[PDB]
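Source file entry-v6.txt; content: compact mmCIF, N, CA and C atoms.
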```txt
# COMPACT_ATOMS: atom_id res chain seq x y z
N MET A 1 -35.05 -29.55 6.82
CA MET A 1 -34.85 -28.12 7.14
C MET A 1 -33.55 -27.90 7.92
N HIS A 2 -32.56 -27.31 7.26
CA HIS A 2 -31.28 -27.05 7.89
C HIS A 2 -31.42 -26.02 9.01
N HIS A 3 -30.35 -25.84 9.78
CA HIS A 3 -30.37 -24.89 10.89
C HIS A 3 -28.96 -24.41 11.22
N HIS A 4 -28.61 -23.23 10.71
CA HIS A 4 -27.29 -22.65 10.96
C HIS A 4 -27.27 -21.16 10.61
N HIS A 5 -27.86 -20.81 9.48
CA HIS A 5 -27.91 -19.42 9.03
C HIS A 5 -29.11 -18.70 9.64
N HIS A 6 -28.98 -18.33 10.91
CA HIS A 6 -30.05 -17.63 11.61
C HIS A 6 -29.47 -16.64 12.62
N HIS A 7 -28.91 -15.55 12.12
CA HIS A 7 -28.31 -14.53 12.97
C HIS A 7 -27.97 -13.28 12.16
N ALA A 8 -27.79 -13.47 10.85
CA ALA A 8 -27.45 -12.36 9.96
C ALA A 8 -28.61 -12.03 9.04
N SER A 9 -28.48 -10.93 8.30
CA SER A 9 -29.53 -10.50 7.37
C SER A 9 -28.94 -9.67 6.24
N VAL A 10 -29.43 -9.91 5.03
CA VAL A 10 -28.95 -9.18 3.85
C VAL A 10 -29.52 -7.77 3.82
N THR A 11 -28.79 -6.83 4.41
CA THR A 11 -29.22 -5.44 4.45
C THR A 11 -28.13 -4.51 3.93
N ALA A 12 -28.32 -4.01 2.71
CA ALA A 12 -27.36 -3.10 2.08
C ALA A 12 -26.02 -3.78 1.83
N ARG A 13 -25.28 -3.27 0.85
CA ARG A 13 -23.98 -3.83 0.51
C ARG A 13 -22.90 -2.75 0.58
N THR A 14 -21.76 -3.10 1.17
CA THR A 14 -20.65 -2.16 1.30
C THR A 14 -19.31 -2.90 1.36
N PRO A 15 -18.59 -2.96 0.22
CA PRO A 15 -17.29 -3.64 0.16
C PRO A 15 -16.21 -2.88 0.93
N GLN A 16 -15.06 -3.51 1.10
CA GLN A 16 -13.95 -2.90 1.82
C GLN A 16 -12.62 -3.51 1.41
N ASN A 17 -11.89 -2.82 0.54
CA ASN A 17 -10.59 -3.29 0.06
C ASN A 17 -10.70 -4.70 -0.51
N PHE A 18 -11.11 -4.78 -1.78
CA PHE A 18 -11.26 -6.07 -2.46
C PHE A 18 -12.15 -7.01 -1.67
N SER A 19 -13.46 -6.81 -1.78
CA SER A 19 -14.44 -7.64 -1.09
C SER A 19 -15.41 -8.26 -2.08
N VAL A 20 -16.10 -7.40 -2.84
CA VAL A 20 -17.06 -7.86 -3.83
C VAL A 20 -16.49 -7.75 -5.25
N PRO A 21 -15.94 -6.58 -5.64
CA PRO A 21 -15.37 -6.39 -6.98
C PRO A 21 -13.97 -6.98 -7.10
N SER A 22 -13.63 -7.44 -8.30
CA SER A 22 -12.31 -8.03 -8.54
C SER A 22 -11.93 -7.93 -10.02
N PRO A 23 -11.43 -6.76 -10.45
CA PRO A 23 -11.03 -6.55 -11.84
C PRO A 23 -9.75 -7.31 -12.19
N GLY A 24 -9.91 -8.39 -12.95
CA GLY A 24 -8.76 -9.19 -13.34
C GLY A 24 -8.45 -9.08 -14.83
N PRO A 25 -9.25 -9.75 -15.69
CA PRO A 25 -9.03 -9.71 -17.14
C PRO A 25 -9.40 -8.36 -17.75
N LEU A 26 -8.47 -7.78 -18.49
CA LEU A 26 -8.69 -6.49 -19.14
C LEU A 26 -8.75 -6.65 -20.65
N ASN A 27 -9.92 -7.03 -21.16
CA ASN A 27 -10.11 -7.22 -22.59
C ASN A 27 -11.38 -6.52 -23.07
N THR A 28 -11.94 -5.67 -22.22
CA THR A 28 -13.15 -4.93 -22.55
C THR A 28 -12.96 -3.43 -22.33
N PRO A 29 -12.59 -2.68 -23.38
CA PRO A 29 -12.38 -1.23 -23.28
C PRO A 29 -13.68 -0.45 -23.18
N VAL A 30 -13.60 0.78 -22.69
CA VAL A 30 -14.77 1.63 -22.54
C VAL A 30 -14.43 3.09 -22.83
N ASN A 31 -13.17 3.45 -22.62
CA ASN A 31 -12.71 4.81 -22.86
C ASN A 31 -12.35 5.02 -24.33
N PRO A 32 -12.57 6.23 -24.86
CA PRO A 32 -12.26 6.55 -26.27
C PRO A 32 -10.77 6.43 -26.57
N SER A 33 -10.45 5.85 -27.72
CA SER A 33 -9.06 5.67 -28.14
C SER A 33 -8.28 4.86 -27.11
N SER A 34 -8.41 3.54 -27.18
CA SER A 34 -7.72 2.65 -26.25
C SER A 34 -6.80 1.69 -27.00
N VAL A 35 -5.60 2.17 -27.35
CA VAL A 35 -4.64 1.36 -28.07
C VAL A 35 -3.25 1.44 -27.43
N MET A 36 -3.23 1.58 -26.11
CA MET A 36 -1.97 1.67 -25.37
C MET A 36 -1.46 0.28 -25.01
N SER A 37 -2.06 -0.74 -25.61
CA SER A 37 -1.66 -2.13 -25.35
C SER A 37 -2.23 -3.06 -26.42
N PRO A 38 -1.79 -2.91 -27.68
CA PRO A 38 -2.25 -3.76 -28.78
C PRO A 38 -1.72 -5.18 -28.69
N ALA A 39 -0.44 -5.31 -28.37
CA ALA A 39 0.19 -6.62 -28.25
C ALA A 39 -0.20 -7.31 -26.95
N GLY A 40 -0.87 -6.56 -26.07
CA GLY A 40 -1.29 -7.12 -24.80
C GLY A 40 -0.17 -7.18 -23.78
N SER A 41 0.82 -6.31 -23.95
CA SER A 41 1.97 -6.27 -23.04
C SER A 41 1.82 -5.13 -22.03
N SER A 42 0.91 -5.31 -21.08
CA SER A 42 0.67 -4.31 -20.05
C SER A 42 0.08 -4.95 -18.80
N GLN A 43 0.17 -6.27 -18.73
CA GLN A 43 -0.35 -7.01 -17.59
C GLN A 43 0.66 -7.03 -16.44
N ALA A 44 1.93 -7.21 -16.78
CA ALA A 44 2.99 -7.25 -15.78
C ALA A 44 3.23 -5.87 -15.18
N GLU A 45 2.82 -4.83 -15.91
CA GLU A 45 3.00 -3.46 -15.45
C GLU A 45 1.80 -3.04 -14.61
N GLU A 46 0.66 -3.65 -14.90
CA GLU A 46 -0.56 -3.36 -14.18
C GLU A 46 -0.62 -4.20 -12.92
N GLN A 47 0.12 -5.31 -12.93
CA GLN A 47 0.18 -6.22 -11.80
C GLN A 47 1.26 -5.79 -10.82
N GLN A 48 2.39 -5.33 -11.34
CA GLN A 48 3.48 -4.88 -10.48
C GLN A 48 3.15 -3.53 -9.87
N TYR A 49 2.39 -2.72 -10.59
CA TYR A 49 1.99 -1.41 -10.09
C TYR A 49 1.17 -1.58 -8.83
N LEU A 50 0.33 -2.61 -8.82
CA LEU A 50 -0.51 -2.91 -7.66
C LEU A 50 0.27 -3.75 -6.67
N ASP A 51 1.17 -4.56 -7.20
CA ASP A 51 2.00 -5.43 -6.37
C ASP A 51 3.01 -4.61 -5.58
N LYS A 52 3.36 -3.45 -6.13
CA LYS A 52 4.31 -2.56 -5.49
C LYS A 52 3.63 -1.86 -4.33
N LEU A 53 2.33 -1.60 -4.49
CA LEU A 53 1.56 -0.97 -3.43
C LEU A 53 1.51 -1.92 -2.25
N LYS A 54 1.51 -3.21 -2.57
CA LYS A 54 1.47 -4.25 -1.55
C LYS A 54 2.86 -4.58 -1.05
N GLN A 55 3.86 -4.23 -1.84
CA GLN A 55 5.25 -4.49 -1.48
C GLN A 55 5.63 -3.67 -0.24
N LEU A 56 5.44 -2.36 -0.32
CA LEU A 56 5.76 -1.48 0.80
C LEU A 56 4.64 -1.50 1.83
N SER A 57 3.48 -1.99 1.41
CA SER A 57 2.33 -2.10 2.31
C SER A 57 2.72 -2.81 3.61
N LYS A 58 3.83 -3.53 3.57
CA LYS A 58 4.33 -4.24 4.74
C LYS A 58 5.24 -3.35 5.58
N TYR A 59 6.12 -2.61 4.89
CA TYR A 59 7.05 -1.71 5.55
C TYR A 59 6.32 -0.55 6.22
N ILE A 60 5.09 -0.32 5.80
CA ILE A 60 4.27 0.76 6.35
C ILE A 60 4.06 0.63 7.86
N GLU A 61 4.22 -0.58 8.40
CA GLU A 61 4.00 -0.80 9.83
C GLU A 61 5.26 -0.47 10.63
N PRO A 62 6.38 -1.16 10.33
CA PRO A 62 7.67 -0.92 10.99
C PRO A 62 7.97 0.56 11.20
N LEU A 63 7.44 1.41 10.32
CA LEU A 63 7.67 2.85 10.43
C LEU A 63 7.17 3.39 11.76
N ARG A 64 5.98 2.96 12.17
CA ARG A 64 5.39 3.41 13.43
C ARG A 64 6.37 3.20 14.58
N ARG A 65 7.02 2.04 14.60
CA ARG A 65 7.99 1.73 15.64
C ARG A 65 9.20 2.64 15.53
N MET A 66 9.61 2.94 14.30
CA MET A 66 10.75 3.81 14.06
C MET A 66 10.48 5.22 14.57
N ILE A 67 9.31 5.75 14.23
CA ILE A 67 8.90 7.09 14.66
C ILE A 67 9.19 7.32 16.14
N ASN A 68 9.16 6.25 16.93
CA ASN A 68 9.41 6.35 18.36
C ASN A 68 10.91 6.31 18.67
N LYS A 69 11.59 5.29 18.17
CA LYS A 69 13.02 5.12 18.39
C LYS A 69 13.83 6.20 17.67
N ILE A 70 13.17 6.93 16.79
CA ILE A 70 13.82 7.97 16.01
C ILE A 70 13.70 9.32 16.71
N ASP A 71 12.51 9.63 17.22
CA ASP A 71 12.30 10.87 17.95
C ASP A 71 13.03 10.74 19.27
N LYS A 72 13.43 9.50 19.54
CA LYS A 72 14.17 9.15 20.73
C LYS A 72 15.60 9.66 20.64
N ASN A 73 16.04 9.93 19.42
CA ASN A 73 17.39 10.44 19.18
C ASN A 73 17.34 11.92 18.80
N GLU A 74 18.00 12.76 19.59
CA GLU A 74 18.02 14.19 19.33
C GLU A 74 18.85 14.52 18.09
N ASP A 75 19.69 13.58 17.67
CA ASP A 75 20.54 13.77 16.51
C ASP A 75 19.83 13.35 15.22
N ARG A 76 18.85 12.46 15.36
CA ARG A 76 18.10 11.97 14.20
C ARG A 76 16.66 12.48 14.24
N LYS A 77 16.47 13.65 14.84
CA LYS A 77 15.15 14.26 14.96
C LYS A 77 14.55 14.57 13.58
N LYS A 78 15.42 14.72 12.59
CA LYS A 78 14.98 15.03 11.23
C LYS A 78 14.37 13.81 10.54
N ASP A 79 14.93 12.64 10.83
CA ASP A 79 14.44 11.39 10.23
C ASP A 79 13.02 11.08 10.69
N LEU A 80 12.60 11.70 11.78
CA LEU A 80 11.26 11.49 12.32
C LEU A 80 10.18 11.80 11.29
N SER A 81 10.44 12.79 10.44
CA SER A 81 9.48 13.18 9.41
C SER A 81 9.47 12.19 8.25
N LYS A 82 10.52 11.38 8.15
CA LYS A 82 10.63 10.40 7.07
C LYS A 82 9.73 9.19 7.30
N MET A 83 9.76 8.64 8.51
CA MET A 83 8.95 7.47 8.83
C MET A 83 7.47 7.84 8.88
N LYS A 84 7.15 8.92 9.59
CA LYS A 84 5.77 9.38 9.69
C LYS A 84 5.20 9.72 8.32
N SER A 85 6.04 10.24 7.43
CA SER A 85 5.60 10.60 6.09
C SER A 85 5.39 9.35 5.25
N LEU A 86 6.40 8.49 5.19
CA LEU A 86 6.30 7.25 4.41
C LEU A 86 5.08 6.46 4.85
N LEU A 87 4.88 6.36 6.16
CA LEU A 87 3.73 5.66 6.70
C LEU A 87 2.44 6.37 6.30
N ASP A 88 2.44 7.70 6.42
CA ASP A 88 1.26 8.50 6.08
C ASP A 88 0.98 8.47 4.58
N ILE A 89 2.00 8.14 3.78
CA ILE A 89 1.84 8.08 2.33
C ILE A 89 1.31 6.72 1.88
N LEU A 90 2.06 5.67 2.20
CA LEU A 90 1.67 4.31 1.83
C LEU A 90 0.27 3.95 2.34
N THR A 91 -0.24 4.72 3.29
CA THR A 91 -1.57 4.46 3.85
C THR A 91 -2.66 5.19 3.08
N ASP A 92 -2.33 5.63 1.87
CA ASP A 92 -3.27 6.35 1.02
C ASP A 92 -4.60 5.60 0.91
N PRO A 93 -5.69 6.15 1.50
CA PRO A 93 -7.01 5.52 1.46
C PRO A 93 -7.75 5.78 0.15
N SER A 94 -7.17 6.61 -0.71
CA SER A 94 -7.79 6.94 -1.99
C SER A 94 -7.41 5.92 -3.05
N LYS A 95 -6.62 4.93 -2.65
CA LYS A 95 -6.18 3.88 -3.56
C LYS A 95 -5.41 4.46 -4.74
N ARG A 96 -5.00 5.72 -4.61
CA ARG A 96 -4.24 6.39 -5.66
C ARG A 96 -2.78 6.52 -5.26
N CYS A 97 -1.99 5.50 -5.57
CA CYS A 97 -0.57 5.49 -5.23
C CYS A 97 0.30 5.35 -6.48
N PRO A 98 0.86 6.46 -6.99
CA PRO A 98 1.72 6.43 -8.18
C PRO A 98 3.07 5.79 -7.88
N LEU A 99 3.65 5.14 -8.90
CA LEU A 99 4.94 4.47 -8.76
C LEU A 99 6.00 5.41 -8.20
N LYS A 100 5.73 6.71 -8.24
CA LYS A 100 6.66 7.71 -7.73
C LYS A 100 6.79 7.60 -6.22
N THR A 101 5.66 7.47 -5.53
CA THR A 101 5.65 7.36 -4.08
C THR A 101 6.13 5.99 -3.63
N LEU A 102 5.73 4.95 -4.35
CA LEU A 102 6.16 3.60 -4.01
C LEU A 102 7.67 3.49 -4.13
N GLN A 103 8.18 3.83 -5.31
CA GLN A 103 9.61 3.79 -5.57
C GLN A 103 10.37 4.67 -4.59
N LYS A 104 9.80 5.82 -4.25
CA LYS A 104 10.43 6.75 -3.31
C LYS A 104 10.46 6.16 -1.91
N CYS A 105 9.35 5.57 -1.49
CA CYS A 105 9.29 4.95 -0.17
C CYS A 105 10.29 3.80 -0.07
N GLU A 106 10.42 3.03 -1.15
CA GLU A 106 11.36 1.92 -1.17
C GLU A 106 12.80 2.44 -1.15
N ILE A 107 13.06 3.44 -1.98
CA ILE A 107 14.39 4.03 -2.05
C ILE A 107 14.72 4.79 -0.77
N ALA A 108 13.72 5.49 -0.23
CA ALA A 108 13.91 6.25 1.00
C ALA A 108 14.14 5.32 2.18
N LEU A 109 13.24 4.36 2.37
CA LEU A 109 13.36 3.41 3.48
C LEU A 109 14.67 2.64 3.39
N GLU A 110 15.15 2.45 2.17
CA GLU A 110 16.40 1.73 1.94
C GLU A 110 17.60 2.54 2.42
N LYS A 111 17.60 3.83 2.09
CA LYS A 111 18.68 4.73 2.48
C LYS A 111 18.67 4.97 3.99
N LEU A 112 17.48 4.89 4.58
CA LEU A 112 17.32 5.10 6.02
C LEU A 112 17.70 3.85 6.80
N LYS A 113 17.75 2.72 6.11
CA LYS A 113 18.10 1.45 6.73
C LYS A 113 19.61 1.36 6.98
N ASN A 114 20.39 1.84 6.01
CA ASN A 114 21.84 1.81 6.11
C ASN A 114 22.33 2.62 7.31
N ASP A 115 21.57 3.65 7.67
CA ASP A 115 21.92 4.50 8.80
C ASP A 115 21.39 3.93 10.11
N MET A 116 20.42 3.02 10.01
CA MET A 116 19.83 2.40 11.19
C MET A 116 20.63 1.18 11.62
N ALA A 117 21.33 0.57 10.66
CA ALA A 117 22.15 -0.61 10.94
C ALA A 117 23.61 -0.22 11.14
N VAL A 118 24.07 -0.28 12.39
CA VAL A 118 25.45 0.06 12.71
C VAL A 118 26.20 -1.15 13.25
```
Take the structure from the file and write it as structure tokens.
Amino acid sequence: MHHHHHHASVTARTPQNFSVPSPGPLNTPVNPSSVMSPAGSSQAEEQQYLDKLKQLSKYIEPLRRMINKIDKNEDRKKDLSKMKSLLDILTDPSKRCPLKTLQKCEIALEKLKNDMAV
């Protein structure tokens, strides 16, 4: 008789950002008319789309620090809305992040970097 698992209990299930479910292989359609990938060339686009969410998912933090050093400048008071926005965007809890926001955050944060580095 082992002795170690005596403190927890299986009561209800509730995942949190990739915990229980893990959609990997896409070879089982369910929606009507699904021929947007006959040759099977849509994995790198489905992977980068999610990989891009994770790409800026890192820059989403540095923004918080910027929001302070930015509001700190009366001349760059306008940029304050850029960091707070980018951060408020990339933090989308609906898991609905279109390449438009990702690409914009990357392009925006990039243009804001050139002005931050003197």
Backbone DSSP call of helix (DSSP H, G or I) for region 15-95 of chain A, listed as an mmCIF file with N, CA and C atoms, keeping the file's coordinate frame:
```cif
data_model
loop_
_atom_site.group_PDB
_atom_site.id
_atom_site.type_symbol
_atom_site.label_atom_id
_atom_site.label_comp_id
_atom_site.auth_asym_id
_atom_site.auth_seq_id
_atom_site.Cartn_x
_atom_site.Cartn_y
_atom_site.Cartn_z
ATOM 1 N N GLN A 43 0.170 -6.270 -18.730
ATOM 2 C CA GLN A 43 -0.350 -7.010 -17.590
ATOM 3 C C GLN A 43 0.660 -7.030 -16.440
ATOM 4 N N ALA A 44 1.930 -7.210 -16.780
ATOM 5 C CA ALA A 44 2.990 -7.250 -15.780
ATOM 6 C C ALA A 44 3.230 -5.870 -15.180
ATOM 7 N N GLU A 45 2.820 -4.830 -15.910
ATOM 8 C CA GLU A 45 3.000 -3.460 -15.450
ATOM 9 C C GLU A 45 1.800 -3.040 -14.610
ATOM 10 N N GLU A 46 0.660 -3.650 -14.900
ATOM 11 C CA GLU A 46 -0.560 -3.360 -14.180
ATOM 12 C C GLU A 46 -0.620 -4.200 -12.920
ATOM 13 N N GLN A 47 0.120 -5.310 -12.930
ATOM 14 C CA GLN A 47 0.180 -6.220 -11.800
ATOM 15 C C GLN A 47 1.260 -5.790 -10.820
ATOM 16 N N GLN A 48 2.390 -5.330 -11.340
ATOM 17 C CA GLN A 48 3.480 -4.880 -10.480
ATOM 18 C C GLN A 48 3.150 -3.530 -9.870
ATOM 19 N N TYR A 49 2.390 -2.720 -10.590
ATOM 20 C CA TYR A 49 1.990 -1.410 -10.090
ATOM 21 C C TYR A 49 1.170 -1.580 -8.830
ATOM 22 N N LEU A 50 0.330 -2.610 -8.820
ATOM 23 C CA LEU A 50 -0.510 -2.910 -7.660
ATOM 24 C C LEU A 50 0.270 -3.750 -6.670
ATOM 25 N N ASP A 51 1.170 -4.560 -7.200
ATOM 26 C CA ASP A 51 2.000 -5.430 -6.370
ATOM 27 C C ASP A 51 3.010 -4.610 -5.580
ATOM 28 N N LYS A 52 3.360 -3.450 -6.130
ATOM 29 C CA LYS A 52 4.310 -2.560 -5.490
ATOM 30 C C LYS A 52 3.630 -1.860 -4.330
ATOM 31 N N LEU A 53 2.330 -1.600 -4.490
ATOM 32 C CA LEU A 53 1.560 -0.970 -3.430
ATOM 33 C C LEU A 53 1.510 -1.920 -2.250
ATOM 34 N N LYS A 54 1.510 -3.210 -2.570
ATOM 35 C CA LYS A 54 1.470 -4.250 -1.550
ATOM 36 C C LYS A 54 2.860 -4.580 -1.050
ATOM 37 N N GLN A 55 3.860 -4.230 -1.840
ATOM 38 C CA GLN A 55 5.250 -4.490 -1.480
ATOM 39 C C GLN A 55 5.630 -3.670 -0.240
ATOM 40 N N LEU A 56 5.440 -2.360 -0.320
ATOM 41 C CA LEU A 56 5.760 -1.480 0.800
ATOM 42 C C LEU A 56 4.640 -1.500 1.830
ATOM 43 N N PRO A 62 6.380 -1.160 10.330
ATOM 44 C CA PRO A 62 7.670 -0.920 10.990
ATOM 45 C C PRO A 62 7.970 0.560 11.200
ATOM 46 N N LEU A 63 7.440 1.410 10.320
ATOM 47 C CA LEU A 63 7.670 2.850 10.430
ATOM 48 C C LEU A 63 7.170 3.390 11.760
ATOM 49 N N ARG A 64 5.980 2.960 12.170
ATOM 50 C CA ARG A 64 5.390 3.410 13.430
ATOM 51 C C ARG A 64 6.370 3.200 14.580
ATOM 52 N N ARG A 65 7.020 2.040 14.600
ATOM 53 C CA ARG A 65 7.990 1.730 15.640
ATOM 54 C C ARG A 65 9.200 2.640 15.530
ATOM 55 N N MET A 66 9.610 2.940 14.300
ATOM 56 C CA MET A 66 10.750 3.810 14.060
ATOM 57 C C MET A 66 10.480 5.220 14.570
ATOM 58 N N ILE A 67 9.310 5.750 14.230
ATOM 59 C CA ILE A 67 8.900 7.090 14.660
ATOM 60 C C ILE A 67 9.190 7.320 16.140
ATOM 61 N N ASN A 68 9.160 6.250 16.930
ATOM 62 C CA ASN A 68 9.410 6.350 18.360
ATOM 63 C C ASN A 68 10.910 6.310 18.670
ATOM 64 N N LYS A 69 11.590 5.290 18.170
ATOM 65 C CA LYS A 69 13.020 5.120 18.390
ATOM 66 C C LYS A 69 13.830 6.200 17.670
ATOM 67 N N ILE A 70 13.170 6.930 16.790
ATOM 68 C CA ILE A 70 13.820 7.970 16.010
ATOM 69 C C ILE A 70 13.700 9.320 16.710
ATOM 70 N N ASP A 71 12.510 9.630 17.220
ATOM 71 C CA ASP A 71 12.300 10.870 17.950
ATOM 72 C C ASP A 71 13.030 10.740 19.270
ATOM 73 N N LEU A 80 12.600 11.700 11.780
ATOM 74 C CA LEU A 80 11.260 11.490 12.320
ATOM 75 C C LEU A 80 10.180 11.800 11.290
ATOM 76 N N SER A 81 10.440 12.790 10.440
ATOM 77 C CA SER A 81 9.480 13.180 9.410
ATOM 78 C C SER A 81 9.470 12.190 8.250
ATOM 79 N N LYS A 82 10.520 11.380 8.150
ATOM 80 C CA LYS A 82 10.630 10.400 7.070
ATOM 81 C C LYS A 82 9.730 9.190 7.300
ATOM 82 N N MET A 83 9.760 8.640 8.510
ATOM 83 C CA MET A 83 8.950 7.470 8.830
ATOM 84 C C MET A 83 7.470 7.840 8.880
ATOM 85 N N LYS A 84 7.150 8.920 9.590
ATOM 86 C CA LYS A 84 5.770 9.380 9.690
ATOM 87 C C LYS A 84 5.200 9.720 8.320
ATOM 88 N N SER A 85 6.040 10.240 7.430
ATOM 89 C CA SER A 85 5.600 10.600 6.090
ATOM 90 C C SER A 85 5.390 9.350 5.250
ATOM 91 N N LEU A 86 6.400 8.490 5.190
ATOM 92 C CA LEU A 86 6.300 7.250 4.410
ATOM 93 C C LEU A 86 5.080 6.460 4.850
ATOM 94 N N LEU A 87 4.880 6.360 6.160
ATOM 95 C CA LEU A 87 3.730 5.660 6.700
ATOM 96 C C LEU A 87 2.440 6.370 6.300
ATOM 97 N N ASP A 88 2.440 7.700 6.420
ATOM 98 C CA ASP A 88 1.260 8.500 6.080
ATOM 99 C C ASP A 88 0.980 8.470 4.580
ATOM 100 N N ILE A 89 2.000 8.140 3.780
ATOM 101 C CA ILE A 89 1.840 8.080 2.330
ATOM 102 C C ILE A 89 1.310 6.720 1.880
ATOM 103 N N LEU A 90 2.060 5.670 2.200
ATOM 104 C CA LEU A 90 1.670 4.310 1.830
ATOM 105 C C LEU A 90 0.270 3.950 2.340
#
```
Query - Shell around region 65-68 of chain A at 7 Å using all atoms listed in the file, local window under 2 positions removed, as number ranges by chain - result: A: 61-63, 70-73, 79-80, 83-84
Report summary line: Pairwise distance, CA of residue 57 (chain A) with CA of residue 74 (chain A), equals 28.3 Å
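The coordinates place CA of residue 86 (chain A) at 8.9 Å from atom N of residue 64 (chain A).
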Any chance you could build region 8-22 of chain A out to N, CA, C and O atoms and write it as a compact mmCIF listing (two decimals), keeping the file's coordinate frame?
```txt
# COMPACT_ATOMS: atom_id res chain seq x y z
N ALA A 8 -27.79 -13.47 10.85
CA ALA A 8 -27.45 -12.36 9.96
C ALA A 8 -28.61 -12.03 9.04
O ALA A 8 -29.61 -12.75 8.99
N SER A 9 -28.48 -10.93 8.30
CA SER A 9 -29.53 -10.50 7.37
C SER A 9 -28.94 -9.67 6.24
O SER A 9 -28.06 -8.83 6.46
N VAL A 10 -29.43 -9.91 5.03
CA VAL A 10 -28.95 -9.18 3.85
C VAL A 10 -29.52 -7.77 3.82
O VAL A 10 -30.60 -7.53 3.28
N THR A 11 -28.79 -6.83 4.41
CA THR A 11 -29.22 -5.44 4.45
C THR A 11 -28.13 -4.51 3.93
O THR A 11 -27.13 -4.25 4.61
N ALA A 12 -28.32 -4.01 2.71
CA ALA A 12 -27.36 -3.10 2.08
C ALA A 12 -26.02 -3.78 1.83
O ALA A 12 -25.67 -4.75 2.50
N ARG A 13 -25.28 -3.27 0.85
CA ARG A 13 -23.98 -3.83 0.51
C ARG A 13 -22.90 -2.75 0.58
O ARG A 13 -23.10 -1.63 0.12
N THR A 14 -21.76 -3.10 1.17
CA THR A 14 -20.65 -2.16 1.30
C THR A 14 -19.31 -2.90 1.36
O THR A 14 -18.92 -3.41 2.41
N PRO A 15 -18.59 -2.96 0.22
CA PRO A 15 -17.29 -3.64 0.16
C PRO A 15 -16.21 -2.88 0.93
O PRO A 15 -16.43 -1.75 1.36
N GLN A 16 -15.06 -3.51 1.10
CA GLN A 16 -13.95 -2.90 1.82
C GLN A 16 -12.62 -3.51 1.41
O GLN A 16 -12.25 -4.59 1.88
N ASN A 17 -11.89 -2.82 0.54
CA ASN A 17 -10.59 -3.29 0.06
C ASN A 17 -10.70 -4.70 -0.51
O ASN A 17 -10.41 -5.68 0.16
N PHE A 18 -11.11 -4.78 -1.78
CA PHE A 18 -11.26 -6.07 -2.46
C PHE A 18 -12.15 -7.01 -1.67
O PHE A 18 -11.67 -7.91 -0.97
N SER A 19 -13.46 -6.81 -1.78
CA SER A 19 -14.44 -7.64 -1.09
C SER A 19 -15.41 -8.26 -2.08
O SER A 19 -15.55 -9.48 -2.16
N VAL A 20 -16.10 -7.40 -2.84
CA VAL A 20 -17.06 -7.86 -3.83
C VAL A 20 -16.49 -7.75 -5.25
O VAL A 20 -16.55 -8.72 -6.01
N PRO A 21 -15.94 -6.58 -5.64
CA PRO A 21 -15.37 -6.39 -6.98
C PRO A 21 -13.97 -6.98 -7.10
O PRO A 21 -13.22 -7.01 -6.13
N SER A 22 -13.63 -7.44 -8.30
CA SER A 22 -12.31 -8.03 -8.54
C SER A 22 -11.93 -7.93 -10.02
O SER A 22 -12.09 -8.89 -10.77
```
